[PDB]
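Here the structure comes first, spelled out in structure tokens, and everything after it is commentary.
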RNA sequence: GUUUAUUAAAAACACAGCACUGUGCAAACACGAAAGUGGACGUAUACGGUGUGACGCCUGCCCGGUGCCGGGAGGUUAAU
């Protein structure tokens, strides 16, 4: 494919490459997410002066703004005080919804889709490490303290 | 009421949660209108053979006078729990004292 | 029916000629697939049951040109 | 109990009736009944598809609550009713908030027992709860295939499923036929065995118990014609062929299980 | 009980019972180019097909050929 790239792909993308990829990767991942634009004799002219000169640094400062959005919450901890069972065995498993609402109500205003859970649905009541996908390289180290009630 | 000598083993990170279970069990004892006799926690020590691995389990003796309905409910709370592994209830034989 | 939206492909009839040249009428069916396209001119999802050759044509052309051809032919998108 | 009838006439000699004396003798709860129109084995095209059914006594559909969407609510079992579309009995249960619902009646259930539902349900039989608070090794029934489906497994009379393994978010179950299969741990199940376990002991006595139930007499392949069946023909009880279906598919041993979508869930096949 | 309406009412068909086989649900199978239905608003004490035909005594041998199932070591093997 002659598809020019826009985002910093961690495998082959380095902001302006013409690396040959398959059509299923470009049509289903790169185009609908805004990661890359198919270049056929006019998008090359669009990327030549209007995109690589101004909008690449705009994407870089939007990545810096995502880093600042990570740097909004300086505490980087969430104390969940939901209702629990008798001596452990928590009542309801907390998914990404309640964690996203607790971080959004006080701290980072990131959406639910960037929230990732390394240790499952967090059935064990205690200290847990939760990372956020605010950026493709820099990750979060949120310390969630599940407290039994 | 009959004297029932309860011995049960607990897993270690849930043996950190043993005194709350002791408070719940003595609340059931207070509901049984019986007096507790042996609050001697034997403690966390080494097992003799692999019983559902991560060794050195927690021994607790109870030795309380109780009726039959309360001990049936307290045995169903034993068998239906992942924390209580190997509980047992023994005879009366004029229930006993120190130097275990 | 099995009509491609972009290229207009439709099933035709042919012969299933064996080793003894036995003419048996059968039907040639196109490789139709219902794929969901992201449209940037409309910024939305468009579900189209198209052929894979039509998918290669859309891989060549722009999606706005394909939707303009569907608007010119009066097709629903 | 299981009462064998006396041979008062030719036909009552082999009648063995499964008489449950605890069933309610009366009309069921009317807002939980709807119509159940008979089909006779015919599709929308009007041709027969599932043969050898038709006729028999009428029946009305009972809306049996499968999902048990109420959570944290006590439930007092009002009475036991006989569902004609099932093999086991159903239970009319009066909830705490005043809503009467039909559920599947387990084995250890009488008039006056108290059950509940939710994740805070106990291990007493009759309670419906998901498969993440159940101790591994017990007996469950009314097993959902997907979270929120309602229940597909272990709902005939006497059928029970025993929990074998718990691998993370997967529950490996041994089914009634003996097929090890993995399901989702978020699916719900009702504890205990399904009641009316003597229902297999009825041997129906006569042809009439087959006729008024909906079981039509089956014609053998040897009695048929070569144009009607692949078997048949010959000048007097000639078989001379291999056992096949009437549509040319081999029977008496042929694996037709071919979907290739749920083969990951199946661990060990039926033996 | 049913059957060749209009030469055969029977030992024929069928029957509850018994055995084999398949099927873990969007099940098998069937109608339908397909959608969609029956099965079933049932789900392994259920359904479909096959063989036999209450009940008592029972059902002995053989995998050579054919049919079915399993295993892929090896030979052969089209389409690309």
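Chains as they are written, first to last, in this note's numbering: chain A, 5 to 153; chain B, 20 to 119; chain C, 1462 to 1538; chain D, 1496 to 1766. The beta-carbon is built from N, C-alpha and C at its ideal position, and this holds for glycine as well.
Remark: fewer than three beta-carbon pairs, one from each stretch, lie closer than 8 Å, so the stretch 1693–1706 of chain D and the stretch 1660–1673 of chain D are not flagged as touching. By the Cβ-count criterion, residue 1512 of chain C is buried, with 16 or more other Cβ atoms from all chains shown falling within 10 Å of its own Cβ. With 16 or more neighbouring CB atoms inside 10 Å of its own CB, residue 1623 of chain D falls in the buried class.
When the beta-carbon positions are compared, residue 108 of chain B and residue 48 of chain B stay at least 8 Å from each other. Taking C-beta separations shorter than 7 Å and ignoring five residues to either side along the sequence, the partners of residue 1645 of chain D in its chain run 1561, 1562, 1639, following chain order. In the structure shown, residue 1734 of chain D falls within a coil segment according to DSSP collapsed to helix, strand and coil. For the set D:1684, D:1693, D:1700, the Cα lying nearest the Cα of residue 1652 of chain D is the one of D:1693. Membership of residue 1628 of chain D in any alpha helix (DSSP H) is not indicated, and neither H nor E is assigned to it by DSSP.
Counted as a single uninterrupted DSSP element, the stretch harbouring residue 1545 of chain D is not any beta strand (DSSP E), since DSSP gives it neither H nor E. As DSSP reads the structure, residue 134 of chain A sits in a beta bridge with A:146. Under the three-state reduction of DSSP output, residue 47 of chain A falls in the helix class.
Against residue 125 of chain A, chain C offers no close residue; the least beta-carbon distance is about 30 Å (beta-carbon pairs closer than 7 Å). The residues 1568, 1569, in chain order, have a CB closer than 6 Å to that of residue 1591 of chain D in the same chain once the five nearest residues on each side in sequence are set aside. Under a criterion of Cβ atoms nearer than 7 Å, the residues of chain C adjacent to residue 27 of chain A are, in order, 1520. One thing to note: residue 149 of chain A has its Cβ within 8 Å of the Cβ of residue 83 of chain A. Between the stretch 112–127 of chain A and the stretch 59–79 of chain A, the count of Cβ pairs shorter than 8 Å is three or higher; the stretches touch. When only Cα atoms are considered, residue 1503 of chain D and residue 1696 of chain D end up about 21 Å apart.
Residue-level contact by beta carbon holds for residue 1630 of chain D and chain B, with a gap shorter than 8 Å. Rounded to the nearest angstrom, the Cβ distance from residue 30 of chain A to residue 7 of chain A is 5 Å, consistent with a contact under 8 Å. Annotation for residue 1636 of chain D: 1649, 1655, 1685, 1689 place their beta carbon closer than 6 Å to its own, counting only its chain and skipping 5 residues before and after. Note that the C-beta distance between residue 65 of chain B and residue 77 of chain B is not below 8 Å. Non-local C-beta neighbours of residue 1529 of chain D in its own chain, meaning closer than 8 Å and more than five positions away in sequence, comprise 1555, 1556, 1558, ordered along the chain.
Secondary structure note for residue 75 of chain A: it is in no alpha helix (DSSP H), with a DSSP letter that is neither H nor E. For a cut-off of 8 Å, the C-beta gap from residue 1519 of chain C to residue 1467 of chain C is around 7 Å, short enough to register as a contact. Between the stretch 88–95 of chain B and the stretch 40–60 of chain B, the count of Cβ pairs shorter than 8 Å is three or higher; the stretches touch. Scanning D:1680, D:1604, D:1621 for the CA closest to the CA of residue 1631 of chain D turns up D:1680.
Against chain C, the beta carbon of residue 36 of chain A has neighbours under 8 Å at 1499, listed in chain order.
Residue pairing by DSSP puts residue 106 of chain B in a beta bridge opposite B:27. Among the residues of the stretch 92–107 of chain A, those with a Cβ less than 9 Å away from any Cβ of chain D are 93, 95, 96, 97, in the order of the chain. With fewer than 16 other CB atoms across the displayed protein chains lying within 10 angstroms of its CB, residue 68 of chain B is exposed.
Short of 8 Å from the beta carbon of residue 1617 of chain D, and not among the five residues preceding or following it, lie these beta carbons of its own chain, in chain order: 1611.
Excluding its 5 nearest sequence neighbours in each direction, residue 1613 of chain D has C-beta neighbours in its own chain below 6 Å: 1566, 1567, listed in chain order. With fewer than 16 other Cβ atoms inside 10 Å of its own Cβ, residue 1479 of chain C counts as exposed.
Not flagged as an interface residue toward chain A: residue 1510 of chain D, since no C-beta distance is shorter than 8 Å. Of all residues in the stretch 73–101 of chain B, the ones placed with a Cβ closer than 9 Å to any Cβ belonging to chain D are 95, 98, 99, 100, 101, in chain order. Going by DSSP, residue 1516 of chain C is part of the alpha helix (DSSP H) stretching over 1513–1521.
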